[PDB]
Every structure is written in C-alpha cells, then in structure tokens.
Amino acid sequence: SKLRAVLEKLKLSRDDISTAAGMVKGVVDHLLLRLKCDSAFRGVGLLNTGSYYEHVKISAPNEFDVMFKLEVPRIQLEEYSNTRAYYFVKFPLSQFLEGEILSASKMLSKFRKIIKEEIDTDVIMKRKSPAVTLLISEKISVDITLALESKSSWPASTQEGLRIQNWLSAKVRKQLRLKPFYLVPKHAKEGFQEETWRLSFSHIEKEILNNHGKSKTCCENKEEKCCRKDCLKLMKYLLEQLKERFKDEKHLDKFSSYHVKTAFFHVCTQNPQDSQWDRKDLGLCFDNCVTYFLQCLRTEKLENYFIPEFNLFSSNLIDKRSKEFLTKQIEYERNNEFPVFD
Ligand SMILES: Nc1ncnc2c1ncn2[C@@H]1O[C@H](COP(=O)(O)OP(=O)(O)NP(=O)(O)O)[C@@H](O)[C@H]1O
Ligand SMILES: Nc1ccc(-c2cc(Cl)c(Cl)c3[nH]c4c(c23)CN(C(=O)CO)CC4)cn1
Ligand SMILES: [Mg+2]
Ligand SMILES: [Mg+2]
Ligand SMILES: [Zn+2]
C-alpha cells in the first residue's frame with residue numbers, strides 16, 4: 001500500500017498534460033515547418049520518443065523527447081574503434097560531407113543554428129547529448145534530436161540484442177528488426193570524433209513499453225492490469241530522488257533513468273510471463289527490479305538491450321567507486337522500506 005500511494009503521487013495531472021501537450025505542439029510544429037524550408041532538412045518528420053510517449057513519465061509532464069527524423073537512402077556504416085554503438089556514415093547533404101564521410105557535427109551545427117534563429121511562447125535554448133534542448137515558459141524541457149533514418153538491416157552489433165523471443169515472441173522480434181534504425185549526432189570519445197553518429201532504437205523502446213505483455217490484451221482490461229510500468233516508474237523515482245538528495249555528490253552524476261530503463265527491460269526478459277507482474281505482487285515485483293539493478297551494479301554489467309557488447313556499466317563509462325556508492329544508497333533504501341519515498 002505504501003508503494004501504491006507513491007504511485008498515486010507520481011501520476012501526471014490531466015490539466016498539466018493538456019497544457020503541456022499544446023505548448024510542445026506549438027513549438028514542434030513551428031520548428032518542423034521552418035526546417036522543411038532548408039534544402040538539407042526538407043524531408044524531416046516527427047518521431048515522439050522517451051518517457052512521456054511511453055507513459056512512464058513521472059510527477060509532471062515537464063520533459064519531452066522528440067526525434068526529427070530524416071530518411072537518408074543508401075547509407076554505408078563503418079564502426080568506429082570497436083565501440084559497437086558509434087559509426088561513420090558514408091553514402092542536399094553534400095554540404096556536410098568531409099570526403100565521403102557525412103559529418104555528424106556539421107549536420108548538427110546547421111540543425112541547431114536553424115532552430116536557434118527560429119525560436120505566444122517564451123522559448124530559450126539550453127547550452128550545447130545529441131539533442132537541441134529547449135525550455136518552454138521556464139517549465140517544459142524539450143529535447144529535439146536530429147536522427148538519420150535507415151531502412152536497411154540493423155548493424156551487426158545488434159545481432160544478439162533484443163532478446164525478447166520468450167516474452168514478446170520471435171515473430172515480434174522479426175517484425176521489430178524490419179523497422180528502420182536511427183543514427184543521432186552523439187559523438188564517440190577520442191576529445192570527440194566529431195564525425196561520428198550513435199545508433200538509437202528509441203522507437204523500439206517505445207513499441208515495447210506500449211505493447212509490453214505476453215498477452216496481447218495486457219493492460220486492456222481489469223483482469224490483465226500488470227505492474228510492469230508501475231515498477232519502471234518506481235525505479236525511475238528511486239533514482240531521481242537519490243540523485244536529487246545527493247546532487248552535490250559526484251558519484252551519482254553519471255547515472256540516468258536510461259540505466260534503470262535498460263535494467264528494467266532485462267528483468268522483463270528474465271520474467272516473461274504476465275503472471276510474474278501481477279498487480280497484487282507490486283512490492284515483490286519492485287523488489288525484483290531493485291535486486292536486479294543491484295546485481296548489475298555489483299557485477300559492473302548492464303548490457304545495452306539492443307547492443308549487447310555495449311556495457312553501460314563499464315568502468316570506461318562509470319567508475320567502480322560510483323557504482324559502489326549507488327549500491328550503498330539503494331541497499332539502505334531497500335533495507336529500510338524506501339524512506340526516500342516518504
Ligand atoms: N545512455 C543512453 N543510451 C542510449 N539511448 C539513450 C541514452 N540516454 C538516453 N537515451 C535515449 O533518449 C531517450 C530520452 O532520454 P531522457 O529524456 O533522458 O529519458 P526518458 O526515457 O525520456 N525518461 P525521463 O527521465 O522521464 O525523461 C531515452 O528514452 C532513450 O531512448
Ligand atoms: N528524442 C531523442 C531520443 C533519443 C536520444 C538519444 C539517443 C541515444 Cl542513442 C543516446 Cl546515447 C542518447 N543520450 C542522450 C540522449 C540520447 C537524449 N538525452 C536526453 O533526452 C536527456 O533528457 C540526453 C542523453 C535523444 N533524443
Ligand atoms: Mg525524457
Ligand atoms: Mg530527454
Ligand atoms: Zn500490462
């Protein structure tokens with residue numbers, strides 16, 4: 001009942017939803033119209049992503065993630081430095097070519113420049129993530145991310161990813177792998193290799209979260225109201241609260257809600273049946289998520305759900321001392337019934 005009461009507090013107000021949805025639409029629509037006038041961005045289209053469009057945004061609808069996707073035919077990818085997730089792209093995009101290489105930084109710079117010049121709305125741009133980040137009315141943040149869309153087969157680094165066959169089905173895995181993949185202008189470390197792009201499957205994360213049960217009717221009727229999204233919301237709030245309490249501790253700076261989202265997908269793979277997420281077992285299901293995440297921190301292993309050889313918890317990305325620090329705080333919370341929720 002304590003956790004149910006937490007979830008009630010995390011619910012988004014209907015009035016805040018209605019107001020925020022309109023504020024975002026006015027800004028997104030204006031920017032799309034302007035970008036389409038530029039020869040380079042003429043084919044841009046909207047793809048809504050992230051927690052709001054997955055219905056796992058908590059507390060307030062004050063942060064929205066959108067991709068401005070651009071179909072680019074006939075791309076050839078070259079993996080950068082065995083990073084598994086970062087690539088060079090080769091083939092009105094000639095202005096962005098360095099030789100045969102399509103520069104992520106040059107395309108992002110023009111995209112940001114156009115947005116900056118274009119912004120009944122108070123809109124400011126936050127300093128230069130692949131996103132151009134806007135703040136509407138001092139309240140609503142919007143991450144606008146240029147994304148190249150490729151309709152080709154997914155890169156080889158994904159061959160063993162997306163291990164959903166025992167949960168969502170092999171047929172679904174095959175359908176999802178026929179969808180496009182995206183490249184966003186987030187550069188690999190080098191200093192950054194400023195031509196490099198990063199693979200993204202944010203659209204598939206949304207597809208899974210909004211169609212998340214083994215039963216096709218999961219969450220469509222009162223007898224099948226599972227606790228999967230509630231558990232992700234509680235894990236997100238646990239991490240948010242810890243990061244806020246420890247905001248002056250560097251140890252928590254590199255953790256993000258994507259770490260809990262990725263751990264959560266792995267728990268769904270481990271626990272594929274809807275009866276393992278029954279509403280009446282909320283506390284146990286949340287505990288399964290917390291203990292799984294603790295195991296990831298201890299073993300220093302959290303594979304990207306789509307790119308298994310990309311380890312989000314590698315010491316190259318997050319120091320061992322930082323993972324041990326977060327382990328200590330989560331263990332204290334688990335051992336004391338989550339006082340950070342009170
Ligand atoms: N480290 C990462 N690796 C890959 N994709 C990422 C990473 N961080 C963020 N993303 C993607 O960017 C999207 C938006 O990021 P963000 O707004 O930080 O998180 P979110 O999923 O929307 N949850 P929230 O904290 O509620 O905003 C995520 O849903 C992911 O698809
Ligand atoms: N609309 C979207 C969706 C997906 C991506 C995105 C994609 C990839 Cl592959 C990576 Cl590694 C990413 N890292 C970050 C993001 C991102 C976006 N992001 C936030 O949204 C912070 O609130 C920062 C950090 C970007 N914008
Ligand atoms: Mg978000
Ligand atoms: Mg964001
Ligand atoms: Zn469900």
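Any value given below was found using the heavy atoms of this structure, including those in side chains, with hydrogens, waters and symmetry copies removed. Remember, it's 1-based here, ligands and their atoms both numbered in the order they're listed. If you read the sequence from its start, that first residue is 1, and numbering goes on from there.
In this structure, atom 12 (O) of ligand 1 has no protein heavy-atom contact shorter than 4.0 Å.
Near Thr49, meaning under 4.0 Å from any of its heavy atoms, are these atoms of ligand 2: 1 (N), 2 (C), 3 (C). Heavy-atom contacts of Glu63 reach the following atoms of ligand 1: 17 (O), 27 (O) (cutoff under 4.0 Å). Residue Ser257 approaches ligand 1 through these ligand atoms, each under 4.0 Å from one of its heavy atoms: 19 (O), 23 (N), 24 (P), 25 (O). Short contacts between ligand 2 and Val66, defined as distances under 4.0 Å to a heavy atom of the residue, involve ligand atoms 1 (N). Per-residue contacts place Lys261 under 4.0 angstrom from the following atoms of ligand 1 (heavy atoms of the residue considered): 21 (O), 29 (O). Atoms of ligand 1 found under 4.0 Å from any heavy atom of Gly50 (numbered from 1 in listed order, with element): 22 (O), 29 (O).
Among protein heavy atoms, the minimum distance from atom 19 (C) of ligand 2 is reached at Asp143 OD2, 3.3 Å. Of all protein heavy atoms, the one closest to atom 30 (C) of ligand 1 is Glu205 OE1, 3.5 Å. Of the protein's non-hydrogen atoms, the one nearest atom 15 (O) of ligand 1 is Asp65 OD1, 4.0 Å. For atom 5 (C) of ligand 2, the closest non-hydrogen atom on the protein side is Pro130 CG, 4.3 Å. Closest protein heavy atom to atom 10 (C) of ligand 2: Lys186 CD, 4.2 Å.
By heavy-atom distance, the residue among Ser129, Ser141, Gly50 lying nearest atom 24 (C) of ligand 2 is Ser129. In the candidate list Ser141, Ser129, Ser200, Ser51, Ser51 is nearest to atom 24 (P) of ligand 1, counting heavy atoms. Heavy-atom proximity to atom 8 (C) of ligand 2, evaluated over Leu312, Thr133, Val184, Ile144, is greatest for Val184. The option from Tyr258, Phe64, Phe310 that lies nearest to atom 5 (N) of ligand 1, judged by heavy atoms, is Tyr258.
Ligand 2 is approached by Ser202 to a heavy-atom distance shorter than 4.0 Å. A heavy-atom separation below 4.0 Å is found between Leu199 and ligand 2. Within the structure, the closest approach of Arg198 to ligand 1 falls below 4.0 Å when heavy atoms are considered.
The distance criterion of under 3.5 Å between nitrogen or oxygen atoms is not met by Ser200 with respect to ligand 2. Ligand 2 has an N or O atom lying under 3.5 Å from an N or O atom of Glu63, backbone or side chain. Residue contacts with ligand 2: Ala131 is placed with no nitrogen or oxygen under 3.5 Å of a nitrogen or oxygen of the ligand (distance criterion only). At under 3.5 Å, not a single nitrogen or oxygen of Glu54, backbone or side chain, sits near a nitrogen or oxygen of ligand 1. Polar contact check, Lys236 against ligand 1: a nitrogen or oxygen pair lies under 3.5 Å apart. Of the N or O atoms in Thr145, one or more lie within a sub-3.5 Å distance of an N or O in ligand 2. At a 3.5 angstrom cut-off on N or O pairs, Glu240 does not count as close to ligand 1.
Of the heavy atoms in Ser202, both backbone and side-chain atoms come closer than 4.0 Å to ligand 1. At a heavy-atom cutoff of 4.0 Å, ligand 2 is contacted by both the backbone and the side chain of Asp65.
Under a 4.0 Å N-O distance rule, the pair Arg228/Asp274 qualifies as a salt bridge. Ion pairing between a basic and an acidic side chain is recognised when a charged N comes within 4.0 Å of a carboxylate O; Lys261 and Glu54 show such pairing. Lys57 and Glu63 are not joined by a salt bridge, as no carboxylate oxygen comes within less than 4.0 angstrom of a charged side-chain nitrogen. Ion pairing between a basic and an acidic side chain is recognised when a charged N comes within 4.0 Å of a carboxylate O; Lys11 and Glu8 show such pairing.
Each of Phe313, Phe293, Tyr292 was evaluated against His259; a single residue qualifies, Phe313, per the ring pair (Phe, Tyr, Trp, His ring centres under 6.0 Å) test. Tested against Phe265, the residues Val260, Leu232, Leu209, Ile164 include a single side chain to side chain contact (heavy atoms under 4.5 Å, CB included) partner, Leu209.
Taking the ring centroids of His251 and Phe246, they lie at or beyond the 6.0 Å cut-off. Ring to ring, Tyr237 and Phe341 are close: their centroids are under 6.0 angstrom apart.
Between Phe96 and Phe41, the ring-plane angle classifies as tilted under the 30° and 60° cut-offs. Aromatic ring pairs are classed by plane angle as parallel below 30°, tilted from 30° to 60° and perpendicular above 60°; the pair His266 and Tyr305 is perpendicular. Using a 30° and 60° split on the angle between ring planes, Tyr52 and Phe64 fall in the tilted class, from 30° to 60°. Ring geometry for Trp154 versus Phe201: interplanar angle of 30 to 60°, hence tilted.
For a distance bound of 2.8 Å, the N, O or S atoms of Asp143 include none lying that close to the Mg ion (ligand 3).
Seen from the Mg ion (ligand 3), atom OD2 of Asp65 and atom OE1 of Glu63 lie 100° apart in angle, a value rounded to 10°.
For the 3.5 Å distance criterion, the side chains of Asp143 and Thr133 qualify, holding a donor opposite an acceptor.
A donor-acceptor pair under 3.5 Å is formed between the side chain of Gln95 and the backbone N or O of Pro92. Of the possible donor and acceptor atoms, none in the side chain of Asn336 sits under 3.5 Å from a partner among the backbone N and O of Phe338. Side-chain atoms of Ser314 do not come within 3.5 Å of backbone N or O of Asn311 as any donor-acceptor pair. At least one donor-acceptor pair closer than 3.5 Å links the side chain of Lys2 to the backbone N or O of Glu337.
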